[PDB]
Amino acid sequence: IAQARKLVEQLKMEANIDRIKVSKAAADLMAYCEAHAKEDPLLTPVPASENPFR
Amino acid sequence: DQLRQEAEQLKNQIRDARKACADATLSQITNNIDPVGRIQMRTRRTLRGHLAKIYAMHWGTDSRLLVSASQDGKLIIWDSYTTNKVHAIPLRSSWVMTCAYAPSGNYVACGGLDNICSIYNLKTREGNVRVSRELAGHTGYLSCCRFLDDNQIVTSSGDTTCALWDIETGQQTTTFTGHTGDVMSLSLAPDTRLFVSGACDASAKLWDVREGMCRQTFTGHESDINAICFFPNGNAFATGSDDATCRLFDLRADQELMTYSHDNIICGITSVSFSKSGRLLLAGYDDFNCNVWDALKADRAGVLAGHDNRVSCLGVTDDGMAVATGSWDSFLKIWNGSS
Amino acid sequence: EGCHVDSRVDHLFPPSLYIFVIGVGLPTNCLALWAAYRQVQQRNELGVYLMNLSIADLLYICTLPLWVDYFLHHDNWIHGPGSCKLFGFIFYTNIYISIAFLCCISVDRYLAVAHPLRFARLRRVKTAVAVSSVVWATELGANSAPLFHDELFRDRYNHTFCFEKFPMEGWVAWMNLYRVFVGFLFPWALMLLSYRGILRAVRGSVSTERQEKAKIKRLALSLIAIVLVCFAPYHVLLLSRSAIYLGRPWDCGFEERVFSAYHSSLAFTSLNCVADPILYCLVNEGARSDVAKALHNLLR
Amino acid sequence: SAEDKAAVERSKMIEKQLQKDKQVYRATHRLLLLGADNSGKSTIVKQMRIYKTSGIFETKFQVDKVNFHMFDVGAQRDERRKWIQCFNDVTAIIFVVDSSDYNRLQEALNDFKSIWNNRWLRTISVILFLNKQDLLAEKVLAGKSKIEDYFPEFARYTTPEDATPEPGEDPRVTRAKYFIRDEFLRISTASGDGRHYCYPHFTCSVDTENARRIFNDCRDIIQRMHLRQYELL
Amino acid sequence: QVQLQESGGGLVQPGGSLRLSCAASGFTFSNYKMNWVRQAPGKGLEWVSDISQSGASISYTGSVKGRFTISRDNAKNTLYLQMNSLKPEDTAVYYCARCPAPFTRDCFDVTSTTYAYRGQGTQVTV
Ligand SMILES: CC(C)CCC[C@@H](C)[C@H]1CC[C@H]2[C@@H]3CC=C4C[C@@H](O)CC[C@]4(C)[C@H]3CC[C@]12C
Ligand SMILES: CC(C)CCC[C@@H](C)[C@H]1CC[C@H]2[C@@H]3CC=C4C[C@@H](O)CC[C@]4(C)[C@H]3CC[C@]12C
Ligand SMILES: CC(=O)OC[C@@H](O)COP(=O)(O)OCC[N+](C)(C)C
Ligand SMILES: CC(=O)OC[C@@H](O)COP(=O)(O)OCC[N+](C)(C)C
């Protein structure tokens, strides 16, 4: 029944992991999104003059 | 039976910690951000020539050449800017389901129902594309493969295990285990130190290419996970499943961040890919349409609806200048915005 | 100077029939054209033929107005010989083009159903394009006798004929006989032989229900029978006139007796242009669905 | 701009090769072979050949100058709900079932139910091959095992007049064979409206007519989709 | 997250009755077709019965067609299997399986080994 031991050990390694609050992760994601939005042609359609797929 | 009780109680402890790690939802914090609005993408180009359903495609670092695998036995590298076919490789097995483009562009990988990963060299001295390697050892069909470099390749198989192979030796340097289901799709992080994988078990796992161990598992889904993709920052990822629901998971948060689903959507998700900025989350659905949602507000922002069959593969160029969608109609379609 | 042909219905029946034919066919022949184009887009070979057919029909419609005038003014052409040689040429010949394309459709259906696995070479889109080009060329060539001869004539009586002279010439008599035997009967026999083979193949199928087989039989028999109804009266009158002329060309009385039935038979042949878009389209669920989708798309 | 012309020429050559490979590809029919360990599908492959962790094996044969490619899934886990979707465009599915094993004639029926009700297999006609008829006949004649123990409704079942038993065939073995055939046909007709059809056949592992039967089934299937495509149905 | 825990069972003499329950968490019980499967000592995972989402469609095996009955409670998100007139050969571990995907009539791998969406199972002895 080594499966039980392996699962228990893996979940024990998973448990002892530092975690940060959901608010911090959401703030980081929002900061990254607003820090890269102007460089995204899909989010901000660039003019057709420089679009290779014109 | 003590081990089962230990597992149950430690899982309860993990759940308690995770809820303790939950102060506010992503909707609450992002309620004040301006909505994207409506994203109207136009079909700038249409690639034709494939004999059967496309199953997989991948962009290159050049953002100009794209490789697509079709279950008729053809791996076609197209030049997106000019629509001209650059390469057409006849595969030894027709049932190909995944393909990859090396970052250097000198090699291309593929695989399928045959438990072999075929690597072909695009820079042969003779100018004729030849298979460089046939990695073998998996006990199940190959579902996904990605290149760390020209000599290291990460692949997933239906045997519930992933494998990091060194191409030159033709041997699996590392084996990843822990999934109880068929491994569907894997995504590499931007820094190529960690990669995530979804394996049909209502969960996704994070793995280290160097240590060969599982760090975290996320189990927010209700059915098989079909596609997984990393956030551009590499700190989060998104997973689509047969439950017609997409879910965003942050590695540090160690739990679900946002759920993208709608009542009228009752079909599974086949592909998922983030944009360059990560604000727009693109997903392919079995209802013959592709939906792009707001990664923050979680509201549907745009729909393509241009394919006559289920969308099988979705990709975004490294520069985010176009989106390549391949469905079972034997046609890839390149979509781009307008102004 | 000619036979004193006269009719009490030539100014009422042919005009109204042609008006109805235009009104009902032009929208239905554009719809069938769109459906055939859609079929070609799906790489279906049949659509190619279904396109050409429709195009031919459309051409016919485009020439009917002038003839509606010809008959509304008691058989009097008023726009010159070239207008005759063009419009009346189309009107007398593209019906045989349509018949040839119906025969091509029947032969293609026979090859597909009866021989699904044997004739992949013939069942291709570009092969159909080549066949359609050959059909158009051959029909325009085998029907070009009139462009080499005069085709406007003025009578002792009021009428100024166009594309006919009841005191016929030998060339037109032989042309009519060829039209009857080569233009109509041969393609019709080939079509009825292709549909018999199709039904024979269908009967053997185990995956087809008896209701579906009955529907297929009904459709095939309707195609054959409606084509016969449309093209038999006019062609039988043509054959009788040619036969009586070839032996007794001086018999003007036969011509005076038949005039009215001849030019109402000729009008009746026009119903094929309306039947074709209704029988090869708008009766199949897929074609009707495509038609409805196109109508909704263009309406919105 | 010379390199652009060279690229266009290369694309033209690739397109010509692709077209040659499309004539060739539509000239051959693909088949999916499914079964269990009890079913003698491997023997069927080794008998129709007369015309490693490989994962999938390919068998190419020819009947009436028509080429057929059969694919047998060799090395995969018992889970099959995913890779089966790869065969959503095969010409036919040859399902081999051991009729001489009642304990697992219900697992095979459940597998057939799943195949018939699958979303991606709604348009594929399934060729049902009731294999190992001799074993079933001997088992029934011996009387040691009774079908009623596993399928009680067999007691009420009666042989239909549509049956065409072989000469010298016992009433009991014909009754059992047609009971199994009707059991499969009930699930076959439970779902599907003229999109995919089931072809039950009484076949044995050692038979030279299996290829001919498959060829006839493919002929019928292609005929039906030609009827649908050409607007005749 | 997806859990399917079975409750009930035990040592019951032949001819008795037993009601086994299936408690489901981590998913929407109302949108998934459910199955009851069995594994006897030394035998494979034999299928027993299946019930659709709304319960309007029900199927059993020949061995339990006239003996067992199945039911579902979407309000409580649970399954119920009532066995009556038990037989000695019914002793086995009974598992409660969910179909792979929602809004489908296809249940392909509910009998496969190491199935992810199957419960631990309850022992029934008779
Ligand atoms: C100079 C003008 C008056 C000539 C008119 C010819 C018309 C009536 C006919 C003759 C041959 C016909 C073409 C023959 C075959 C095809 C198949 C495909 O390619 C589209 C239409 C097309 C190309 C046809 C279009 C109409 C066509 C061109
Ligand atoms: C001016 C128009 C109305 C004349 C055309 C009349 C058409 C509709 C008539 C004439 C002959 C008729 C057909 C005569 C015989 C049969 C066989 C029968 O089993 C199905 C109906 C079918 C196929 C009839 C359908 C309708 C039919 C084709
Ligand atoms: C379906 C296919 O494979 O194509 C066959 C088709 O080409 C036959 O056409 P024909 O019957 O020969 O037309 C001749 C008419 N005529 C003589 C000028 C009046
Ligand atoms: C244009 C050409 O060369 O092809 C002609 C071919 O179409 C004729 O063969 P069919 O009459 O169609 O078949 C026989 C029909 N049947 C079975 C006797 C009723």
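Along the chain as shown, the residues are counted starting at 1.
So this one's electron microscopy, 2.4 Å, going by the header.
Cβ coordinates are placed from backbone N, Cα and C, and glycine is handled just like the others.
Taken verbatim from Swiss-Prot:
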{"type": "MOD_RES", "residues": "B:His262", "note": "phosphohistidine"}
{"type": "REPEAT", "residues": "B:42-90", "note": "repeat 'WD 1'"}
{"type": "REPEAT", "residues": "B:91-136", "note": "repeat 'WD 2'"}
{"type": "REPEAT", "residues": "B:137-177", "note": "repeat 'WD 3'"}
{"type": "REPEAT", "residues": "B:178-219", "note": "repeat 'WD 4'"}
{"type": "REPEAT", "residues": "B:220-263", "note": "repeat 'WD 5'"}
{"type": "REPEAT", "residues": "B:264-305", "note": "repeat 'WD 6'"}
{"type": "REPEAT", "residues": "B:306-336", "note": "repeat 'WD 7'"}
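Around the residue listed as 'phosphohistidine', the same-chain residues six or more apart in sequence whose CB sits under 8 Å from its CB are B:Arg300, listed in sequence order. Sorting each residue of the repeat 'WD 6' (B:264-305) by its DSSP state yields 0 helix, 21 strand, 21 coil.
Among residues of the same chain six or more beyond the repeat 'WD 5' (B:220-263), those with a C-beta under 8 A of the stretch's C-beta atoms are 18, 21-22, 26-27, 181-182, 184-191, 194, 196-204, 206, 269-278, 281, 283-285, 293, 295-296, 298, 300, 314. Under DSSP, the residue listed as 'phosphohistidine' is assigned to coil, being neither helix nor strand in the three-state scheme. DSSP labels the residues of the repeat 'WD 2' (B:91-136) in these numbers: 0 helix, 25 strand, 21 coil.
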